[PDB]
């Protein structure tokens, strides 16, 4: 009965997108469990392996950091061999979303790169039909970082959340 909305956020932009996507999910006929991951070294409650194992589907979100997802997120996925092994996530639908400092700061490629692990877990990936890209939702935040979630972005975040939920519905 839930879609996991899993994300990392440093200055709140991705956190905001997560919340909007969650709402999409709810109007897709599903409950949204929004969870984040702890910072690493040498907004929301923390995710555990259970949240992943028992989700019906998943939205994965990160700020774009040099064309890839953020390392606290990567670190969380890095701990999922067990799920890989017994093969959960297999068959469950998934979508990604990202926040960016420039208009063309490589969201598409960050979204691309984030679809990869989900394909390793054998999930079913989907984007947005016909920020915001065909691969998932993106938000543009400016060098400033303060630019708030605009009209179409917020709308697209919800569309994705919804589509994800309905897909999880269809698959039963």
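Numbering follows the first chain given and starts at 1.
According to the entry, the deposited sequence has 10 or more residues without coordinates between residue 42 and residue 43.
When the C-alpha B-factors of 138-146 and 52-60 are averaged, 138-146 comes out higher. The PDB entry records a higher mean C-alpha B factor for 43-51 than for its counterpart among 43-51 and 114-122. Placement of the Cα temperature factor of residue 35 within the chain: lowest third of the modelled residues, per the deposited record. Among the modelled residues of its chain, residue 127 has a C-alpha B-factor that falls in the middle third according to the deposited record.
Annotation for residue 86: C-alpha temperature factor in the highest third relative to the rest of the modelled chain, per the entry. Sorting the modelled residues of the chain by their CA temperature factor places residue 165 in the middle third. Among all modelled residues in this chain, the alpha-carbon of residue 102 has a temperature factor (C-alpha) in the highest third.
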